[PDB]
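Take a look at this one chain, the form deposited in one PDB entry, written out in structure tokens.
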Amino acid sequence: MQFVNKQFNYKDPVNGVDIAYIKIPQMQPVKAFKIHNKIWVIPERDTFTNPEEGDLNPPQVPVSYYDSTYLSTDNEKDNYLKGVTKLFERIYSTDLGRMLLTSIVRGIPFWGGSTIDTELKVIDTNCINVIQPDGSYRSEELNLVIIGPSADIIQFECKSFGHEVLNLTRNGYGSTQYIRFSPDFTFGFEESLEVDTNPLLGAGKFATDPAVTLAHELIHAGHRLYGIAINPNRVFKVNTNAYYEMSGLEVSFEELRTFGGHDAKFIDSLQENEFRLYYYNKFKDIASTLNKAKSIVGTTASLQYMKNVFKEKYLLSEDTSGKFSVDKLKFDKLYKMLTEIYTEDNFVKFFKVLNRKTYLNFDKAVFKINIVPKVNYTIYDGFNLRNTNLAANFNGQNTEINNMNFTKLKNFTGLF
């Protein structure tokens, strides 16, 4: 059962519904594709979300790649759409990916826009403006947008619009997430840990499966949609890699969490418990706010429907009178799902790929790839195609054996 019911072509005609020109919250409209309920793809470079990041030229840090022309042509946009779609299908074909994507679709950003306690209202920056067939705009709520990268092509990241006083990614509310991502490039890493974590060694023999990379960003998006991301000011001042220490490199707890495995264990039990309590408190604030709302703002959804949406998102308890409360057992279960079950390391296990063993490494290279052709990459096997030489030993990821699938654009080793 597929996650994306239409195999869109970039040149398919607009219909104002799932193929439309849109604006995000001056810009010109951009052509976008609704691949699933609450999820859109915009095959454009992101010159929109951040005013200080309005062009595509270099300002270069070792791990960066610039090409102002990437993702400018219709064929590239067609391949971007197809590649992103394939990666969603690869994710969804795993039990873990289906779980994550279900959580994402259910994670409607909270209707926290009212400054009148007795009214419940959407936040406008959790919507896009869609051009209808008559040329006028309508507002559509959504959870997730996949967009092309900004100037640095390989700076993938999950970001979102803020609110003037609310901290939407950290107060339980959540916000629509924009993931800067490309399926057209991937990183090289080294198979020996002592090489991978050394900035002076290795050329990047193995290629990361982009499905893992997209999953990583989706995991961030899950955290942010549920308003449980850890403040990026909470960091591990890394003291387990001499090279990290020499450069003072700090890694956010949020990244370590998302990677999972042993990386997540650098967050100690006391800090885990602190965050769990902090976010529990946020879910309690949400239940209280829902209970104060006696009317909805707008005409599109009933108060009782939206209260049900948020009951299902946050797994709230509802008494007969209609009062919500947070069950600490269900909260802990959901919080654990989002933070410990949905991890990069767990995805690696479901995809049966080779991958970096830790976030605390040094990237070796970037490669240009093309995952669209089935002769190159499949939903079911990634690069490691069954019943071929590429099936065994992650040979499909081995850039020296499957060399036709990778062209090295830049070496990072030596530049750190």
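All residue numbers are counted from 1 along the displayed sequence.
> As recorded in the PDB entry, how many deposited residues are without coordinates between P51 and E52: none, 1 to 3, 4 to 9, or 10 or more?
According to the record, the chain runs unbroken from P51 to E52.
> I'd like to know the size of any gap between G16 and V17, counted in deposited residues with no coordinates: none, 1 to 3, 4 to 9, or 10 or more.
Count of unmodelled residues in between: none.
> Averaging CA B factors per stretch from the PDB record, which one is higher: 103 to 111 or 304 to 312?
Taking the mean C-alpha B-factor of 103 to 111 and of 304 to 312, the larger value falls to 304 to 312.
> Averaging only over Cα atoms, indicate whether 349 to 357 or 37 to 45 has the higher B-factor in the PDB entry.
Mean B over CA atoms: larger for 349 to 357.
> Going by the deposited entry, which of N384, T69, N370, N387 has the highest CA temperature factor?
Across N384, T69, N370, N387, the entry lists the biggest C-alpha B-factor for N387.
> From the list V195, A221, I116, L256, select the residue with the highest C-alpha B factor recorded in the entry.
Highest CA B-factor of the listed options: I116.
> Split the chain's modelled residues into thirds by Cα B-factor; is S139 in the lowest, middle or highest one?
Lowest third.
> Based on the deposited C-alpha B factors for this chain, I'd like to know if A32 is in the lowest, middle or highest third.
According to the entry, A32 has a C-alpha B-factor in the chain's lowest third.
> Place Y243 in the lowest, middle or highest third of its chain's C-alpha B-factors, as listed in the PDB entry.
Within its chain, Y243 is a highest-third residue by C-alpha B-factor, going by the deposited values.
> Ranking the modelled residues of this chain by C-alpha B-factor as given in the entry, is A20 in the lowest, middle or highest third?
Its C-alpha B-factor, which the entry lists for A20, ranks in the lowest third among residues of this chain.
> By the record's CA B-factor, is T125 among the lowest, middle or highest third of residues in the chain?
Middle third of the chain for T125's C-alpha B-factor.
Beyond what is shown, the protein has a form solved in complex with a partner chain; the following relates to that form.
> Thinking of the partner chain in the bound PDB entry, which stretch from 69 to 77, 244 to 252, 105 to 113, 170 to 178 has heavy atoms inside 4.5 Å of it?
That would be stretch 244 to 252.
> Quick one: from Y377, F351, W40, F362, grab the residue that has a heavy atom within 4.5 Å of the partner chain in the bound PDB entry.
It is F362.
> Report the residue, out of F266, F187, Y280, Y137, that has at least one non-hydrogen atom within 4.5 angstroms of the partner chain in the bound PDB entry.
By the 4.5 Å criterion, the partner-contacting residue is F187.
> Is every one of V63, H216 and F416 within 4.5 Å of the partner chain in the bound PDB entry, counting heavy atoms?
The answer is yes; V63, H216 and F416 each reach the partner chain.
> Using a 4.5 Å heavy atom cut-off, state whether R356 contacts the partner chain in the bound PDB entry.
Answer yes; at least one heavy atom of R356 falls within 4.5 Å of the partner chain in the bound PDB entry.
> So, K86 and the partner chain: in the bound PDB entry, are they within 4.5 Å at any heavy atom pair?
Contact with the partner chain, no.
> Verify the contact flag for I154: yes if a non-hydrogen atom of it lies within 4.5 Å of a non-hydrogen atom of the partner chain in the bound PDB entry, no if not.
Output for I154 is yes: heavy atoms within 4.5 Å of the partner chain.
> Is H220 part of the interface with the partner chain in the bound PDB entry - any heavy atom within 4.5 Å?
Yes, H220 lies within 4.5 Å of the partner chain in the bound PDB entry.
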